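Colleague: part one of the complex, left exactly where it sits:
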Amino acid sequence: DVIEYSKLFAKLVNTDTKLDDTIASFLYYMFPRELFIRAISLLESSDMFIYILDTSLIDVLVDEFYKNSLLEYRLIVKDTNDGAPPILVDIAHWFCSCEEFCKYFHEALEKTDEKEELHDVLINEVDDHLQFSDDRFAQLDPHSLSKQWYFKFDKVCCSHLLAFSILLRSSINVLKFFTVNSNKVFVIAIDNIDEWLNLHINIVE
């Protein structure tokens, strides 16, 4: 609606050391199909990883996500199901491998006309510079300074995108709340290719 979800996610941390319940009470009612609690569950539940290719860790996450940093990283969510593959989460482009994403992505195509372009169906393009938003949530890079892109997360969203959105699309202090302050979200640098390749081995088959 009228909200800047990016700042509102920054309102879940004060600093302190537990999530401001006023804000979390709001955010719950703003997402359908239980999205906000599962996003929050995932955040505390130590299935979130952020892998990097290899001066401090917290500093180079800050640099990329909070501000010319071209960093090769990976946002993985390990599944308790254990006979299940990892979950690859791309917030830059708004895509996740999870079954939840791919169901509503599919539904978005069934509601569509098959002569409609996906870009039209799934993305809000704003080219009038006076309507530019400071919201970073569900934002895509349009490859233009004359435009702004936002995915229609009403049409497709999943618990791992919202999750990593809350982590990487809000204040630095929400980032440090889950990483340097506690490890509910793991950040592993990786110095060798064979290990880098081995994260990907079951994402496709």
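Modeller: In hand now; what should we look at? Residues are numbered from 1 along each chain as shown, chains lettered A, B, ... in the order given.
Colleague: quick one: distance of the longest helix seen in chain A to the chain centre.
Modeller: Counting by DSSP state H, the longest helix found in chain A is helix A:99-110. From the chain centre to the centre of helix A:99-110 is a distance of 17 Å (Cα atoms, centre = their mean, to the nearest Å).
Colleague: over to stretch A:23-30?
Modeller: On Cα atoms, centre = their mean, the centre of stretch A:23-30 falls 17 Å from the chain's centre.
Colleague: buried sites along it?
Modeller: In terms of neighbour count (16 or more other Cβ atoms under 10 Å), stretch A:23-30 has its buried residues at A:23, A:27. Backbone N, C-alpha and C define where each C-beta goes, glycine included.
Colleague: name the residues that touch that stretch?
Modeller: For stretch A:23-30, contacts defined as Cβ atoms under 8 Å, 6 or more residues apart in numbering pick out A:3, A:5, A:8, A:9, A:11, A:12, A:36, A:37, A:40.
Colleague: among those residues, find me the one that's closest to residue A:59.
Modeller: Nearest to residue A:59 among those, counting by Cβ to Cβ, is residue A:9 at 21.1 Å.
Colleague: that closest one against residue A:166, yeah?
Modeller: Yes: if you go by Cβ atoms under 8 Å, residue A:9 and residue A:166 touch, sitting 5.0 Å apart.
Colleague: higher neighbour count, the two?
Modeller: Using other Cβ atoms under 10 Å, the more surrounded residue of residue A:9 and residue A:166 is residue A:166, with 26 against 22.
Colleague: quick one: contacts for the more buried one?
Modeller: Counting by Cβ under 8 Å, 6+ apart, residue A:166 makes contact with A:9, A:12, A:39, A:40, A:43, A:174.
Colleague: one more, chain B:
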Amino acid sequence: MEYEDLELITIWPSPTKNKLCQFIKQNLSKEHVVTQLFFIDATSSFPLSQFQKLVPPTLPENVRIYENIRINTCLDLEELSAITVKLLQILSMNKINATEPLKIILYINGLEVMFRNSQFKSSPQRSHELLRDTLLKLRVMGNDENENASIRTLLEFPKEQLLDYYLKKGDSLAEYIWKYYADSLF
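Modeller: Following on from the chains above, chain B is added here:
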């Protein structure tokens, strides 16, 4: 009879010393270009007598001409190749512009003697190979397209070594060079 129009290798049968000297003069005296005559001789007989008569060394203009006349005497194919080796380094230097454009005339006399003497100390396989390396070299050097250095070659043989030529008007060196090496005749 003039340098711009010489073929890369030309054979001159039994040259009349009047026409030889009038030919050295007509060219070596050309202006704006420094043309040299390397006269290589097996027997050591340059037409000096008639030459002084035509180009008197006391006349001040003719001093430059003898400056450009290099007499040399080599007895075999082996030394002939070292003359052409020097000749290549002369043309290399003047190609760098390191000037007036060089024009060299190689004039070889009684080559078949220079073959002969080599054909003792060396085998006929080696001899034809030497003759070959040189003449083909001279032909490449003459064919070079840089005009700041040119070279043209002239082989004078007595007309009775050329016997096979006068029909169409053993195999002799002058004959063998006429069919297989030189561009034109007379």
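Colleague: rewinding a little: after the longest helix of chain A, next one along is what?
Modeller: helix A:118-122 (DSSP states H and E).
Colleague: just name whatever secondary elements that next one is in contact with.
Modeller: Here helix A:118-122 is seen to pack against helix A:99-110 when contacts are counted using 3 or more Cβ pairs under 8 Å, 6 or more residues apart in numbering or on different chains; DSSP states H and E.
Colleague: which elements pack onto the helix it packs on?
Modeller: Using 3+ Cβ pairs under 8 Å, 6+ apart: helix A:99-110 touches helix A:118-122, helix A:159-168.
Colleague: might you report the residue contacts of residue 184?
Modeller: All of this is about chain A. Counting by Cβ atoms under 8 Å, 6 or more residues apart in numbering or on different chains, residue A:184 makes contact with A:43, A:44, A:45, A:46, A:48, A:178.
Colleague: sorry, should have said chain B
Modeller: Neighbouring residues of residue B:184 by Cβ under 8 Å, 6+ apart: B:7, B:10, B:11.
Colleague: how about residue A:24, phi and psi?
Modeller: phi -50, psi -30 (degrees, to the nearest 10).
Colleague: now do residue A:51
Modeller: phi -100, psi 140.
Colleague: follow-up on the earlier one: so how do I select the buried members of the contacts of residue A:184 in PyMOL?
Modeller: If you want just the buried ones from the contacts of residue A:184 in PyMOL, going by 16 or more other Cβ atoms under 10 Å in any protein chain shown, the selection is:
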select buried, chain A and resi 43+48+178
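Colleague: follow-up on the earlier one: please tell me which one of the contacts of residue B:184 counts the most neighbours.
Modeller: When neighbours are taken as other Cβ atoms under 10 Å in any protein chain shown, the top entry among the contacts of residue B:184 is residue B:11 (22 neighbours).
Colleague: chain C should join the structure above:
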Amino acid sequence: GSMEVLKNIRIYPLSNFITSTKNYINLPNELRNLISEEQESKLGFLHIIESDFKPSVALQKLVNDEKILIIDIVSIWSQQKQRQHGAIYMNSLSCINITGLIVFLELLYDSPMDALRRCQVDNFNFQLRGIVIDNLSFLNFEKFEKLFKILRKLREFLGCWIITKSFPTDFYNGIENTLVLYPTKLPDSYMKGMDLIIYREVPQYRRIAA
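Modeller: Following on from the chains above, chain C is added here:
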């Protein structure tokens, strides 16, 4: 086990799975009726024998948007007077003996752009129709198999044809006959590989199938 599949993945040049257009020797009338017209469109290696020094009226016709490499050992074709405007000329000291001819022909194959640069060709989008080496008799005095070897690889690689000249057997007697199936001395290893040999008799040309 796909980490091991990835380890053994192998890169191939396109050239393994594609052809290079071949160029074929058409003939001028003067030489034509020594072979079946079906054998005349397969012609990739021709070798002509003649007693002239300058090239015969038939050979000049065998040579004349594309381009033709003439390796001019004699220093005839590349004289300023006679240069045709469809030709690439290599005239050099290194090429008078058969070792330097090969090293060039090897450079043409190994790294053709450096070869053609040594010929004052700076622009390579063109078809090399064929190579012409004139004349072979000067090459060996002291490999003729190696030369044909590399000449075939140039024909597979660039699709060009090959034309070669050599003197009849009279040249090989020597000065004053001092040096004494085919009427020229080119070892049959080389001579075999040639699609069509041609002798020039004095004013007629005839094939040699021996």
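Colleague: go back to the contacts of stretch A:23-30, now with chain C?
Modeller: The contact list for stretch A:23-30, computed with Cβ under 8 Å, 6+ apart, reads A:3, A:5, A:8, A:9, A:11, A:12, A:36, A:37, A:40.
Colleague: contacting residues around the first one?
Modeller: Looking back up the chat, that one is residue A:3. Counting by Cβ under 8 Å, 6+ apart, residue A:3 makes contact with A:30, A:135.
Colleague: wasn't it part of a strand?
Modeller: No: the assignment for residue A:3 is coil, going by DSSP: H, G, I helix; E, B strand; the rest coil, so no strand is present there.
Colleague: quick one: residue C:135 from residue C:56, how far?
Modeller: Residue C:135 is 12 Å from residue C:56, where distance means Cβ to Cβ, to the nearest Å.
Colleague: so residue B:53 is in which element?
Modeller: Using DSSP H and E, residue B:53 falls in helix B:48-54.
Colleague: what of residue A:28?
Modeller: Per DSSP H and E: helix A:21-29 holds residue A:28.
Colleague: what's the answer for residue A:149, then?
Modeller: strand A:148-151.
Colleague: pull out the buried positions in that strand.
Modeller: In strand A:148-151, the ones that count as buried by 16+ other Cβ under 10 Å are A:148, A:149, A:150, A:151.
Colleague: still on that earlier bit, quick one: residues in contact with the helix or strand that the helix holding residue A:28 is followed by.
Modeller: Using DSSP H and E, the helix or strand that directly follows helix A:21-29 along the chain is helix A:35-44. With contact meaning Cβ under 8 Å, 6+ apart, helix A:35-44 is reached by A:19, A:24, A:27-28, A:30-31, A:48, A:77, A:157-160, A:162-163, A:165-167, A:178, A:184-185.
Colleague: contact residues of chain B facing chain A?
Modeller: Within chain B, no position is near chain A by Cβ under 8 Å from any Cβ of the partner chain.
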